[PDB]
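Here is final19.csv, consisting of CSV, C-alpha atoms and all ligand atoms:
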```csv
chain,number,residue,atom,x,y,z
T,2,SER,CA,0.0,0.0,0.0
T,3,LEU,CA,1.1,3.5,-0.9
T,4,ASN,CA,0.0,6.9,0.3
T,5,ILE,CA,-1.5,8.3,-2.9
T,6,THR,CA,-2.9,11.6,-1.4
T,7,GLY,CA,0.0,13.7,-2.8
T,8,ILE,CA,-0.5,12.4,-6.4
T,9,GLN,CA,-2.2,15.2,-8.4
T,10,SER,CA,-4.7,14.2,-11.2
T,11,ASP,CA,-2.6,16.5,-13.4
T,12,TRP,CA,0.3,13.9,-13.4
T,13,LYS,CA,0.2,11.7,-16.5
T,14,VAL,CA,2.6,9.2,-18.2
T,15,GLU,CA,4.3,11.3,-20.8
T,16,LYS,CA,6.9,8.9,-22.1
T,17,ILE,CA,8.2,5.3,-21.8
T,18,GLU,CA,11.6,4.3,-23.0
T,19,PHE,CA,13.2,0.9,-22.9
T,20,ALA,CA,16.8,-0.4,-23.0
T,21,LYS,CA,18.8,-3.5,-22.2
T,22,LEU,CA,21.8,-2.8,-19.9
T,23,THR,CA,24.7,-5.3,-19.9
T,24,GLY,CA,27.4,-6.4,-17.6
T,25,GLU,CA,29.2,-9.2,-15.7
T,26,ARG,CA,29.3,-11.2,-12.5
T,27,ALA,CA,32.5,-10.9,-10.5
T,28,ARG,CA,33.0,-14.6,-11.0
T,29,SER,CA,31.6,-16.9,-13.6
T,30,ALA,CA,28.9,-19.2,-12.2
T,31,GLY,CA,29.1,-22.9,-12.9
T,32,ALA,CA,26.4,-25.5,-13.0
T,33,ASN,CA,23.7,-26.3,-10.4
T,34,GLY,CA,21.9,-29.6,-9.6
T,35,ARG,CA,19.7,-29.5,-12.7
T,36,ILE,CA,21.4,-27.5,-15.5
T,37,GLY,CA,24.8,-26.5,-16.8
T,38,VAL,CA,27.1,-23.4,-16.6
T,39,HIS,CA,25.3,-20.1,-15.9
T,40,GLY,CA,28.4,-18.0,-17.0
T,41,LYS,CA,29.6,-14.5,-16.4
T,42,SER,CA,27.4,-12.3,-18.7
T,43,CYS,CA,24.5,-10.4,-17.1
T,44,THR,CA,21.7,-8.2,-18.5
T,45,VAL,CA,18.9,-6.1,-17.0
T,46,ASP,CA,15.9,-4.8,-19.0
T,47,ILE,CA,15.1,-1.3,-17.8
T,48,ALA,CA,12.3,1.2,-18.5
T,49,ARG,CA,12.7,4.9,-18.1
T,50,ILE,CA,9.3,6.6,-17.4
T,51,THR,CA,8.6,10.3,-17.7
T,52,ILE,CA,5.7,11.7,-15.6
T,53,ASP,CA,5.1,15.4,-15.0
T,54,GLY,CA,8.5,16.2,-16.6
T,55,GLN,CA,10.5,13.9,-14.3
T,56,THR,CA,12.0,10.5,-14.9
T,57,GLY,CA,11.9,7.2,-12.9
T,58,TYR,CA,14.0,4.1,-13.8
T,59,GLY,CA,13.4,0.5,-13.1
T,60,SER,CA,13.3,-3.2,-14.1
T,61,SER,CA,10.7,-3.8,-16.8
T,62,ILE,CA,9.5,-7.1,-18.3
T,63,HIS,CA,6.8,-8.3,-20.6
T,64,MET,CA,6.5,-4.8,-22.2
T,65,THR,CA,6.4,-4.3,-26.0
T,66,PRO,CA,6.3,-0.8,-27.7
T,67,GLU,CA,2.7,-1.6,-28.5
T,68,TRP,CA,1.9,-2.2,-24.8
T,69,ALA,CA,3.5,1.1,-23.8
T,70,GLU,CA,1.6,3.0,-26.6
T,71,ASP,CA,-1.7,2.3,-24.8
T,72,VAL,CA,-0.4,3.7,-21.4
T,73,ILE,CA,0.9,7.1,-22.7
T,74,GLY,CA,-1.5,9.7,-21.4
T,75,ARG,CA,-3.0,7.7,-18.5
T,76,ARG,CA,-3.1,9.5,-15.1
T,77,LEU,CA,-0.6,8.1,-12.5
T,78,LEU,CA,-3.6,8.0,-10.1
T,79,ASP,CA,-5.4,5.7,-12.5
T,80,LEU,CA,-2.6,3.1,-12.4
T,81,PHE,CA,-3.4,2.4,-8.7
T,82,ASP,CA,-6.5,1.2,-6.9
T,83,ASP,CA,-7.6,3.3,-3.9
T,84,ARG,CA,-5.7,1.0,-1.6
T,85,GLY,CA,-2.5,2.5,-3.1
T,86,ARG,CA,-1.5,-0.7,-4.9
T,87,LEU,CA,-0.5,-0.6,-8.5
T,88,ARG,CA,-3.0,-2.5,-10.6
T,89,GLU,CA,-2.1,-6.0,-11.8
T,90,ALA,CA,-2.0,-5.0,-15.5
T,91,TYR,CA,0.9,-2.6,-14.9
T,92,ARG,CA,3.1,-4.5,-12.3
T,93,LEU,CA,5.7,-6.5,-14.3
T,94,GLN,CA,6.0,-3.6,-16.8
T,95,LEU,CA,6.0,-0.5,-14.7
T,96,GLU,CA,6.0,-1.1,-10.9
T,97,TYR,CA,9.7,-0.4,-10.6
T,98,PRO,CA,10.0,2.7,-12.8
T,99,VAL,CA,6.8,4.0,-11.1
T,100,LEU,CA,8.0,3.4,-7.6
T,101,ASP,CA,11.3,5.0,-8.5
T,102,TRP,CA,9.5,8.0,-9.9
T,103,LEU,CA,7.3,8.4,-6.8
T,104,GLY,CA,10.5,8.3,-4.6
T,105,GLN,CA,12.3,10.9,-6.7
T,106,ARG,CA,9.2,13.1,-6.8
T,107,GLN,CA,8.6,12.9,-3.0
T,108,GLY,CA,12.3,12.9,-2.3
T,109,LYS,CA,12.1,9.7,-0.3
T,110,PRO,CA,13.5,6.1,-0.6
T,111,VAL,CA,11.0,3.5,-1.7
T,112,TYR,CA,11.3,1.6,1.6
T,113,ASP,CA,10.1,4.8,3.4
T,114,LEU,CA,7.1,5.0,1.1
T,115,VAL,CA,6.0,1.3,1.7
T,116,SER,CA,7.2,1.1,5.3
T,117,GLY,CA,5.2,-1.3,7.5
T,118,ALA,CA,4.6,-0.7,11.3
T,119,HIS,CA,7.7,-2.9,12.2
T,120,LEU,CA,9.9,-0.2,10.6
T,121,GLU,CA,9.7,3.3,12.2
T,122,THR,CA,10.5,6.7,10.6
T,123,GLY,CA,14.0,8.1,10.1
T,124,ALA,CA,15.7,4.7,10.6
T,125,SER,CA,18.6,3.4,8.5
T,126,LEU,CA,17.5,0.3,6.7
T,127,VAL,CA,20.0,-2.6,7.1
T,128,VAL,CA,19.0,-6.0,5.7
T,129,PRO,CA,20.6,-9.4,6.0
T,130,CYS,CA,22.1,-10.8,2.8
T,131,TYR,CA,23.8,-14.0,1.8
T,132,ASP,CA,26.3,-14.8,-1.0
T,133,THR,CA,24.4,-17.0,-3.6
T,134,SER,CA,27.3,-17.4,-6.0
T,135,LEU,CA,28.6,-20.8,-4.8
T,136,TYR,CA,27.8,-22.9,-7.8
T,137,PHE,CA,29.2,-26.2,-9.0
T,138,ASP,CA,32.6,-24.6,-9.8
T,139,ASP,CA,34.6,-27.7,-8.9
T,140,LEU,CA,33.4,-30.2,-11.6
T,141,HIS,CA,36.8,-30.2,-13.4
T,142,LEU,CA,38.5,-31.5,-10.3
T,143,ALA,CA,38.8,-35.2,-9.5
T,144,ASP,CA,40.3,-34.8,-6.0
T,145,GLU,CA,37.8,-34.0,-3.3
T,146,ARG,CA,40.4,-32.0,-1.3
T,147,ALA,CA,41.1,-29.8,-4.3
T,148,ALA,CA,37.3,-29.2,-4.9
T,149,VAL,CA,36.9,-28.2,-1.2
T,150,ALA,CA,39.9,-25.8,-1.4
T,151,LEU,CA,38.5,-24.2,-4.6
T,152,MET,CA,35.0,-23.7,-3.0
T,153,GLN,CA,36.6,-22.4,0.2
T,154,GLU,CA,38.6,-19.8,-1.7
T,155,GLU,CA,35.4,-18.8,-3.5
T,156,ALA,CA,33.6,-18.3,-0.2
T,157,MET,CA,36.7,-16.3,0.9
T,158,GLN,CA,36.3,-13.9,-2.0
T,159,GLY,CA,32.8,-13.1,-0.7
T,160,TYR,CA,33.9,-12.9,2.9
T,161,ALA,CA,36.5,-10.3,1.9
T,162,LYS,CA,33.7,-8.2,0.4
T,163,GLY,CA,31.7,-8.4,3.6
T,164,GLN,CA,29.6,-11.5,3.1
T,165,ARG,CA,29.1,-13.7,6.3
T,166,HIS,CA,26.3,-16.1,5.1
T,167,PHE,CA,26.6,-18.4,2.1
T,168,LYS,CA,24.1,-20.4,0.1
T,169,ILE,CA,25.9,-23.4,-1.4
T,170,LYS,CA,24.6,-25.3,-4.4
T,171,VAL,CA,24.4,-29.1,-3.8
T,172,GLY,CA,22.9,-32.0,-5.7
T,173,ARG,CA,26.1,-32.8,-7.8
T,174,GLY,CA,25.0,-36.4,-7.9
T,175,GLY,CA,21.6,-35.7,-9.4
T,176,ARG,CA,22.9,-35.0,-12.9
T,177,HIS,CA,26.5,-33.9,-13.2
T,178,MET,CA,28.5,-36.5,-11.2
T,179,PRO,CA,27.8,-40.1,-10.2
T,180,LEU,CA,25.2,-40.2,-7.4
T,181,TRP,CA,27.4,-41.6,-4.5
T,182,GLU,CA,30.5,-39.5,-5.3
T,183,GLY,CA,28.5,-36.4,-6.0
T,184,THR,CA,26.7,-36.6,-2.7
T,185,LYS,CA,30.0,-37.2,-0.9
T,186,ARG,CA,31.4,-34.1,-2.7
T,187,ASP,CA,28.3,-32.0,-1.7
T,188,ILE,CA,28.9,-32.9,2.0
T,189,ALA,CA,32.7,-32.2,1.9
T,190,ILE,CA,32.0,-28.8,0.1
T,191,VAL,CA,29.4,-27.7,2.7
T,192,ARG,CA,31.7,-28.8,5.6
T,193,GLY,CA,34.6,-26.9,3.9
T,194,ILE,CA,32.7,-23.6,3.5
T,195,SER,CA,31.3,-23.8,7.1
T,196,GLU,CA,34.9,-23.9,8.3
T,197,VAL,CA,35.9,-20.7,6.4
T,198,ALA,CA,32.6,-19.0,7.3
T,199,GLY,CA,33.1,-19.4,11.1
T,200,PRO,CA,30.5,-20.4,13.9
T,201,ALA,CA,28.3,-17.3,13.3
T,202,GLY,CA,28.1,-17.8,9.5
T,203,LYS,CA,24.7,-19.1,8.4
T,204,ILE,CA,24.9,-21.8,5.7
T,205,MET,CA,22.1,-22.5,3.3
T,206,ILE,CA,22.1,-25.4,0.9
T,207,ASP,CA,20.1,-25.5,-2.4
T,208,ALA,CA,19.7,-28.8,-4.2
T,209,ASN,CA,17.7,-27.5,-7.2
T,210,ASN,CA,15.4,-30.5,-6.7
T,211,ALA,CA,18.2,-33.1,-7.3
T,212,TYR,CA,17.6,-35.1,-4.1
T,213,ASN,CA,14.9,-37.4,-2.9
T,214,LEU,CA,13.8,-37.6,0.8
T,215,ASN,CA,16.4,-40.4,1.7
T,216,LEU,CA,19.3,-38.5,0.1
T,217,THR,CA,18.2,-35.3,1.9
T,218,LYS,CA,18.2,-37.2,5.3
T,219,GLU,CA,21.6,-38.6,4.5
T,220,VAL,CA,23.1,-35.1,3.8
T,221,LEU,CA,21.4,-33.4,6.8
T,222,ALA,CA,22.7,-36.1,9.2
T,223,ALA,CA,26.2,-35.6,7.8
T,224,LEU,CA,25.9,-31.9,8.4
T,225,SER,CA,24.5,-32.1,12.0
T,226,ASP,CA,27.5,-30.0,13.2
T,227,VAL,CA,27.1,-27.4,10.5
T,228,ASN,CA,25.2,-24.1,11.1
T,229,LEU,CA,22.7,-25.0,8.5
T,230,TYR,CA,20.0,-22.3,8.4
T,231,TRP,CA,17.8,-23.6,5.6
T,232,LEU,CA,17.4,-26.4,3.1
T,233,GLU,CA,16.0,-25.1,-0.2
T,234,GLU,CA,14.4,-27.3,-2.9
T,235,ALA,CA,15.7,-30.7,-1.8
T,236,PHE,CA,13.1,-32.1,-4.2
T,237,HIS,CA,10.0,-30.7,-5.9
T,238,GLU,CA,7.7,-29.6,-3.1
T,239,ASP,CA,5.4,-32.4,-1.8
T,240,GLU,CA,3.3,-32.0,1.4
T,241,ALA,CA,3.7,-35.6,2.5
T,242,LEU,CA,7.5,-35.7,2.0
T,243,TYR,CA,8.0,-32.4,3.7
T,244,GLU,CA,5.8,-33.4,6.7
T,245,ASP,CA,8.0,-36.5,7.1
T,246,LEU,CA,11.1,-34.4,6.8
T,247,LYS,CA,9.9,-31.9,9.4
T,248,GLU,CA,9.0,-34.7,11.8
T,249,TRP,CA,12.4,-36.3,11.3
T,250,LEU,CA,14.2,-33.0,11.9
T,251,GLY,CA,12.2,-32.4,15.1
T,252,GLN,CA,13.0,-35.8,16.7
T,253,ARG,CA,16.7,-35.1,16.2
T,254,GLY,CA,16.5,-31.5,17.5
T,255,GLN,CA,18.0,-30.3,14.1
T,256,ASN,CA,16.9,-26.7,13.6
T,257,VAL,CA,16.9,-26.3,9.8
T,258,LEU,CA,14.2,-24.3,8.0
T,259,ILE,CA,12.6,-25.6,4.8
T,260,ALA,CA,12.6,-23.1,1.9
T,261,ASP,CA,10.8,-23.4,-1.4
T,262,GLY,CA,8.8,-21.5,-4.0
T,263,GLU,CA,11.0,-20.4,-7.0
T,264,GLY,CA,10.2,-21.4,-10.6
T,265,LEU,CA,7.1,-23.5,-11.4
T,266,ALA,CA,5.8,-23.8,-7.8
T,267,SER,CA,3.0,-26.1,-6.6
T,268,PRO,CA,-0.2,-24.1,-6.6
T,269,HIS,CA,-0.8,-25.4,-3.1
T,270,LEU,CA,2.6,-24.4,-1.6
T,271,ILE,CA,1.2,-21.6,0.5
T,272,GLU,CA,-1.5,-23.9,2.0
T,273,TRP,CA,1.2,-26.4,2.8
T,274,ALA,CA,3.4,-23.8,4.5
T,275,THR,CA,0.4,-22.7,6.7
T,276,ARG,CA,0.2,-26.3,7.8
T,277,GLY,CA,3.8,-26.1,8.9
T,278,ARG,CA,5.5,-28.1,6.1
T,279,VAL,CA,7.5,-25.3,4.6
T,280,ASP,CA,8.9,-22.3,6.5
T,281,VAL,CA,10.3,-19.9,3.9
T,282,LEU,CA,8.6,-18.8,0.7
T,283,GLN,CA,10.8,-17.8,-2.3
T,284,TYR,CA,8.8,-16.4,-5.1
T,285,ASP,CA,10.9,-14.2,-7.5
T,286,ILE,CA,11.4,-10.5,-6.8
T,287,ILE,CA,10.7,-9.6,-10.5
T,288,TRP,CA,8.0,-12.2,-11.4
T,289,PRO,CA,5.5,-12.0,-9.6
T,290,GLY,CA,7.3,-8.8,-8.4
T,291,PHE,CA,7.4,-6.2,-5.7
T,292,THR,CA,3.7,-5.2,-5.5
T,293,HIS,CA,2.6,-8.8,-5.3
T,294,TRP,CA,5.3,-9.4,-2.6
T,295,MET,CA,3.9,-6.6,-0.5
T,296,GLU,CA,0.4,-8.3,-0.6
T,297,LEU,CA,1.9,-11.8,-0.1
T,298,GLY,CA,4.3,-10.7,2.7
T,299,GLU,CA,1.3,-9.3,4.7
T,300,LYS,CA,-0.5,-12.7,4.4
T,301,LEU,CA,2.7,-14.7,5.3
T,302,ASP,CA,3.4,-12.4,8.3
T,303,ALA,CA,-0.2,-13.1,9.6
T,304,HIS,CA,0.6,-16.8,9.5
T,305,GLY,CA,4.1,-16.4,11.1
T,306,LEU,CA,5.6,-17.5,7.8
T,307,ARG,CA,8.9,-16.1,6.3
T,308,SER,CA,9.7,-14.3,3.1
T,309,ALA,CA,12.9,-14.6,1.0
T,310,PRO,CA,12.4,-13.4,-2.6
T,311,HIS,CA,14.3,-15.3,-5.2
T,312,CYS,CA,16.8,-13.2,-7.1
T,313,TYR,CA,19.1,-14.6,-9.7
T,314,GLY,CA,19.7,-13.5,-13.3
T,315,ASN,CA,18.6,-9.9,-12.6
T,316,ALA,CA,21.0,-7.6,-10.7
T,317,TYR,CA,18.3,-5.0,-10.2
T,318,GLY,CA,16.2,-7.3,-8.1
T,319,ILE,CA,18.9,-7.5,-5.4
T,320,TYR,CA,18.3,-3.8,-4.6
T,321,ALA,CA,14.6,-4.1,-5.0
T,322,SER,CA,14.7,-7.0,-2.3
T,323,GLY,CA,16.3,-4.6,0.2
T,324,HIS,CA,13.5,-2.0,0.0
T,325,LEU,CA,10.8,-4.8,0.2
T,326,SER,CA,12.1,-5.7,3.8
T,327,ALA,CA,10.6,-2.4,5.1
T,328,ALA,CA,7.1,-3.7,4.1
T,329,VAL,CA,7.3,-7.3,5.2
T,330,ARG,CA,7.9,-8.2,8.9
T,331,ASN,CA,9.3,-11.7,8.4
T,332,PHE,CA,11.7,-10.8,5.6
T,333,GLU,CA,14.7,-13.1,5.7
T,334,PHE,CA,17.6,-12.2,3.4
T,335,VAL,CA,18.6,-10.4,0.2
T,336,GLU,CA,20.0,-13.1,-2.2
T,337,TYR,CA,23.2,-11.4,-3.3
T,338,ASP,CA,25.2,-11.9,-6.5
T,339,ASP,CA,28.2,-9.5,-7.1
T,340,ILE,CA,27.4,-7.9,-10.5
T,341,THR,CA,28.6,-4.8,-12.3
T,342,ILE,CA,26.0,-3.5,-14.8
T,343,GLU,CA,27.3,-0.6,-17.0
T,344,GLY,CA,25.3,2.6,-16.4
T,345,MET,CA,23.8,1.4,-13.1
T,346,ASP,CA,25.6,2.9,-10.1
T,347,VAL,CA,24.7,0.9,-7.0
T,348,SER,CA,27.5,2.7,-5.0
T,349,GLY,CA,24.9,3.9,-2.4
T,350,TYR,CA,24.5,0.3,-1.2
T,351,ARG,CA,27.3,-1.2,1.0
T,352,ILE,CA,27.9,-4.7,2.2
T,353,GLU,CA,29.1,-5.0,5.8
T,354,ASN,CA,29.1,-7.9,8.2
T,355,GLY,CA,26.6,-10.1,6.3
T,356,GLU,CA,24.2,-7.2,5.8
T,357,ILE,CA,23.3,-4.8,2.9
T,358,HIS,CA,23.0,-1.1,4.0
T,359,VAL,CA,20.3,0.4,1.9
T,360,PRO,CA,20.9,4.1,1.2
T,361,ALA,CA,18.3,6.7,2.3
T,362,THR,CA,18.4,8.4,-1.1
T,363,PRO,CA,15.3,9.0,-3.4
T,364,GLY,CA,13.6,6.1,-5.1
T,365,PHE,CA,15.5,2.9,-5.2
T,366,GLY,CA,18.8,4.8,-4.6
T,367,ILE,CA,20.3,3.4,-7.9
T,368,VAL,CA,21.8,6.2,-9.9
T,369,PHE,CA,21.5,5.4,-13.6
T,370,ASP,CA,23.8,7.0,-16.2
T,371,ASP,CA,21.2,9.1,-18.1
T,372,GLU,CA,23.7,9.7,-21.0
T,373,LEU,CA,24.4,6.0,-21.5
T,374,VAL,CA,20.8,4.9,-21.2
T,375,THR,CA,19.8,7.5,-23.8
T,376,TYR,CA,22.5,6.1,-26.1
T,377,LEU,CA,21.2,2.6,-25.5
T,378,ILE,CA,17.6,3.6,-26.0
T,379,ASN,CA,18.4,5.2,-29.3
T,380,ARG,CA,20.8,2.4,-30.5
T,381,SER,CA,19.0,-0.9,-29.4
T,382,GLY,CA,15.9,0.1,-27.4
T,383,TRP,CA,12.7,2.1,-28.1
T,384,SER,CA,10.6,5.2,-27.1
T,385,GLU,CA,6.9,5.8,-27.0
T,386,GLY,CA,5.6,9.3,-26.2
T,387,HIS,CA,3.1,12.1,-27.1
T,388,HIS,CA,0.3,13.1,-24.7
T,389,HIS,CA,-3.1,11.7,-23.4
T,390,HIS,CA,-5.2,9.2,-25.2
T,391,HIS,CA,-6.1,7.0,-26.7
M,1,MG,MG,17.2,-21.9,-5.4
M,2,MG,MG,10.3,-25.9,-5.5
```
Whole structure given in structure tokens:
Amino acid sequence: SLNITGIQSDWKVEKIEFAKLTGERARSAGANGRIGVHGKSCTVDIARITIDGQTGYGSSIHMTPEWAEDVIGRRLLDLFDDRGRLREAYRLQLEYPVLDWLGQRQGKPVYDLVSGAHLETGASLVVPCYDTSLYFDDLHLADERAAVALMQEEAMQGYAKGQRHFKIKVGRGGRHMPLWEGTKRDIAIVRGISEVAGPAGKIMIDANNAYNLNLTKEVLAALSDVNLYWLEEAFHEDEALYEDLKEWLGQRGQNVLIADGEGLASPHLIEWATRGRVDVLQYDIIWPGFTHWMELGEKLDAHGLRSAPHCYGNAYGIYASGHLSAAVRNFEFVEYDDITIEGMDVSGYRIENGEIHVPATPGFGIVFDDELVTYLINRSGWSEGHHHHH
């Protein structure tokens, strides 16, 4: 919900411009339990919106020139319902540029504009984050010791940049290595990173569905001494298997959360979570997006459930996730990948002690290079403009 009382009926969408920004991860990402090398190259589709002679910038997906043509001339007020929530039809395309615009216009950070009761006025926003970049980077190595040292040094690269919590890909034995050896390698890797991370470092493991229940129990038992904070997508979500898993964990006093929800999720996943089978929901920060997450976060909060938006493959979402924490009480972590996108200055954000310090600057606090984005729009993007209707 957004305070819309300051939005004049005068204010209309005057222009929508679109461009793909390009860049690179700090370290090339290898395989995961289900698919191959993710690589080093990164892109972010951005829209620059002009309303009342002022621009906002943000992630935009599922928007064609034709789609934007129909929106030119609409009143900003008409894009919201009276609750202050951007209408469904505009979310994936325009929520981010619009929220960025409102922030620049009101001179406030988005988190301030969507702040829930759990977050009081004037306060610095500091959000937990974890390093998500620990992919299967060891598949060229035969020697388990060598694989562990490689993965440890990778974790160390993040540690030196202020990461304290690490999500480690596992499920090597599902597709990419023989099952027995792959699972042994998974365990050695996780034990190795936990050592580098220290006792206070939270460790998450993500199998990308490569396990079954008995493999999951074997791996958890081997990691009973590890500060394992959550297990994510051990196998495609299933209420019976997750009930058994939770009972098994309880009897052993092993305090590991169950996380799921990315990709093609079960339509019943939220029901299953309310029954205590899944603890952390992980729908993506871009699709279904920020506005949807505000609505979903409220609901999950009411049930004592936890929110951890998936972010991978879109650098912009990392910064978006930060702001969302102000609106959702049981926000867990920003999923962090070290990415440099040309023309997208994220300098205002700093990583310290396993947390991302969100700047108090207008909008999403990301400073876009107006000159470069104009060049990109002209060269490889598009513009739609004019005035109102129809
Ligand atoms: Mg995952
Ligand atoms: Mg799943």
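The smallest atom-to-atom distance between residue T:29 and any of T:159, T:135, T:170, T:121, using only C-alpha atoms, is found for T:135.
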*From the set T:39, T:76, T:253, T:269, which residue has the shortest atom-to-atom contact distance to ligand MG 2 (chain M), counting all atoms listed in the file?*
T:269
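A straight line drawn from atom CA of residue T:12 to atom CA of residue T:320 is 26.7 Å long.
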_All residues having an atom within 10 Å of ligand MG 2 (chain M) (all atoms listed in the file) as a PyMOL selection string_ = chain T and resi 208-210+233-239+260-267+270+282-284
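Nearest residue to ligand MG 1 (chain M), choosing from T:246, T:5, T:229, T:309 and counting all atoms listed in the file: T:309.
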*Rounded to one decimal in Å, what is the spacing between atom CA of residue T:204 and atom CA of residue T:275?*
24.5 Å
_Length of the atom CA of residue T:341 to atom CA of residue T:35 vector [Å]_ = 26.3 Å
*Find, counting only C-alpha atoms, the residue in T:182, T:15, T:70, T:79 that gets nearest to residue T:56.*
T:15
*asked:* From the options T:214, T:93, T:130, T:73, which residue's atoms come nearest to residue T:249, counting all atoms listed in the file?
replied: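 Of T:214, T:93, T:130, T:73, the one nearest residue T:249, counting all atoms listed in the file, is T:214.
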*Would you mind listing what lies within 9 Å of stretch 363-371 of chain T as number ranges by chain, with all atoms listed in the file counted and same-chain residues fewer than 6 positions away left out?*
T: 57-59, 97, 100-112, 317, 320-321, 324, 343-350
*Which of these residues is nearest to ligand MG 1 (chain M), using all atoms listed in the file: T:372, T:286, T:133, T:189?*
T:133
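Within the 7 Å cut-off around residue T:153, using all atoms listed in the file and omitting residues fewer than 5 positions from it on the same chain, the listed residues are residues 193, 194 and 197 of chain T.
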*asked:* Counting all atoms listed in the file, which residues have an atom no more than 12 Å from (21.9, -42.0, -0.5) in the file's coordinates? Please list them as a ChimeraX atom specification.
replied: /T:172,174-175,179-185,187-188,211-223
*For residue T:74, work out the shell of residues within 9 Å, counting all atoms listed in the file and skipping chain neighbours fewer than 3 positions away, then give it as a list in words.*
residues 13, 14, 15, 16, 71, 386, 387, 388, 389, 390 and 391 of chain T
Find the spatial neighbours of residue T:306, counting only C-alpha atoms, within a cut-off of 12 Å - ignore same-chain residues fewer than 2 positions away - and output them as an mmCIF file with C-alpha atoms, in the frame of the given file.
```cif
data_model
loop_
_atom_site.group_PDB
_atom_site.id
_atom_site.type_symbol
_atom_site.label_atom_id
_atom_site.label_comp_id
_atom_site.auth_asym_id
_atom_site.auth_seq_id
_atom_site.Cartn_x
_atom_site.Cartn_y
_atom_site.Cartn_z
ATOM 1 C CA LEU T 258 14.200 -24.300 8.000
ATOM 2 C CA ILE T 259 12.600 -25.600 4.800
ATOM 3 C CA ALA T 260 12.600 -23.100 1.900
ATOM 4 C CA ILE T 271 1.200 -21.600 0.500
ATOM 5 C CA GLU T 272 -1.500 -23.900 2.000
ATOM 6 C CA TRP T 273 1.200 -26.400 2.800
ATOM 7 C CA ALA T 274 3.400 -23.800 4.500
ATOM 8 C CA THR T 275 0.400 -22.700 6.700
ATOM 9 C CA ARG T 276 0.200 -26.300 7.800
ATOM 10 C CA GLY T 277 3.800 -26.100 8.900
ATOM 11 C CA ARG T 278 5.500 -28.100 6.100
ATOM 12 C CA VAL T 279 7.500 -25.300 4.600
ATOM 13 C CA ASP T 280 8.900 -22.300 6.500
ATOM 14 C CA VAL T 281 10.300 -19.900 3.900
ATOM 15 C CA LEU T 282 8.600 -18.800 0.700
ATOM 16 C CA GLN T 283 10.800 -17.800 -2.300
ATOM 17 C CA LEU T 297 1.900 -11.800 -0.100
ATOM 18 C CA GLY T 298 4.300 -10.700 2.700
ATOM 19 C CA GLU T 299 1.300 -9.300 4.700
ATOM 20 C CA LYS T 300 -0.500 -12.700 4.400
ATOM 21 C CA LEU T 301 2.700 -14.700 5.300
ATOM 22 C CA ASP T 302 3.400 -12.400 8.300
ATOM 23 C CA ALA T 303 -0.200 -13.100 9.600
ATOM 24 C CA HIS T 304 0.600 -16.800 9.500
ATOM 25 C CA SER T 308 9.700 -14.300 3.100
ATOM 26 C CA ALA T 309 12.900 -14.600 1.000
ATOM 27 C CA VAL T 329 7.300 -7.300 5.200
ATOM 28 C CA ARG T 330 7.900 -8.200 8.900
ATOM 29 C CA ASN T 331 9.300 -11.700 8.400
ATOM 30 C CA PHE T 332 11.700 -10.800 5.600
ATOM 31 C CA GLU T 333 14.700 -13.100 5.700
#
```
What would stretch 54-61 of chain T look like with N, CA, C and O atoms restored, written as a compact mmCIF listing (two decimals), in the frame of the given file?
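The result, written out as result-v2.txt:
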```
# COMPACT_ATOMS: atom_id res chain seq x y z
N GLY T 54 7.15 15.68 -16.29
CA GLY T 54 8.50 16.20 -16.60
C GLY T 54 9.65 15.69 -15.80
O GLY T 54 10.74 16.27 -15.82
N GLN T 55 9.44 14.58 -15.11
CA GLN T 55 10.50 13.90 -14.30
C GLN T 55 10.54 12.46 -14.63
O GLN T 55 9.51 11.83 -14.97
N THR T 56 11.75 11.90 -14.55
CA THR T 56 12.00 10.50 -14.90
C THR T 56 12.11 9.58 -13.67
O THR T 56 12.59 10.01 -12.61
N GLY T 57 11.64 8.33 -13.83
CA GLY T 57 11.90 7.20 -12.90
C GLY T 57 12.55 6.10 -13.76
O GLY T 57 12.27 6.01 -14.94
N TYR T 58 13.39 5.27 -13.15
CA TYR T 58 14.00 4.10 -13.80
C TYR T 58 13.71 2.84 -13.08
O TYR T 58 13.67 2.85 -11.86
N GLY T 59 13.57 1.72 -13.78
CA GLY T 59 13.40 0.50 -13.10
C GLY T 59 13.35 -0.73 -14.00
O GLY T 59 13.12 -0.58 -15.20
N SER T 60 13.54 -1.92 -13.42
CA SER T 60 13.30 -3.20 -14.10
C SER T 60 11.98 -3.14 -14.85
O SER T 60 11.00 -2.63 -14.32
N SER T 61 11.95 -3.69 -16.06
CA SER T 61 10.70 -3.80 -16.80
C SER T 61 10.74 -5.13 -17.57
O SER T 61 11.69 -5.36 -18.32
```
